[PDB]
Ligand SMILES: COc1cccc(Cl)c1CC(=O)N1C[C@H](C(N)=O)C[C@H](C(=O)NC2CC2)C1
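Single chain ahead, by itself, as structure tokens, in the form solved without the named molecule.
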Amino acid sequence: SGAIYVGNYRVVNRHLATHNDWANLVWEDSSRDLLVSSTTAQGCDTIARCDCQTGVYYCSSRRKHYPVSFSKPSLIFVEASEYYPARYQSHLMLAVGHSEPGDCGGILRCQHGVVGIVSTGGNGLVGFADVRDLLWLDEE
């Protein structure tokens, strides 16, 4: 589990969204596994605005932050997981690393802020849903 809290936005994995998320929807995209809902309280996370390919992600199933290199956001074929069939997922970045279903929502961060959240795992790869292209999270 995990979310990003920026401005009056809450960013979560679409497969972990709550009724309150859907009842306060801003934007959602199944192909990216992302959903954004509106918040009453201001959040303090900064979204990275950059093309970094190195950062650190949180792996809840190891209670550890791991430094990783990660790929550019792309359309990646993902094997079946407990929450999606095998499919193409968009805006996805991969690294070599550990990722269980419970690790979804862990933050990937670089020197510029939050890059994305854990979304996929298996075959010794961890996939992160990028948020750096969602420039509107920074305003309004």
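Residues that one form lacks are left out of the comparison. C-alpha atoms forming the largest set that superposes within 1.5 Å between two forms make up the rigid core. For every residue, the number given is its place in the sequence shown, counted from 1.
The mean C-alpha temperature factor is higher for 37-45 when 54-62 and 37-45 are set side by side. When 65-73 is weighed against 83-91, 83-91 comes out higher, by mean CA B-factor as recorded in the entry. Across the residues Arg14, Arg132, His19, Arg10, the deposited record lists the maximum Cα B factor for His19. For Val26, the recorded CA B-factor ranks within the highest third of the chain. Only modelled residues enter the ranking. Looking at the C-alpha B-factors along this chain, the one for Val78 belongs to the highest third. Among all modelled residues in its chain, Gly121 ranks in the middle third by Cα B-factor.
From this point on, the text means the form deposited with the named molecule bound, which you will not see here.
Three or more atoms of the named molecule, overlaid from where it sits in the deposited complex, fall within 2.4 angstroms of backbone or C-beta atoms of the displayed form, which makes the pocket blocked. The named molecule is not shown here, but in the deposited complex it comes within 4.5 Å of a heavy atom of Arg87.
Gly43 falls outside the set of residues with a heavy atom inside 4.5 Å of the named molecule in the deposited complex. In the core-superposed comparison between this form and the one not shown, the C-alpha atom of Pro85 has shifted by at least 2 angstroms.
Comparing the forms between this form and the one not shown on their core, residues 79-86 form the single run of at least three in a row where every Cα shifts 2 Å or more.
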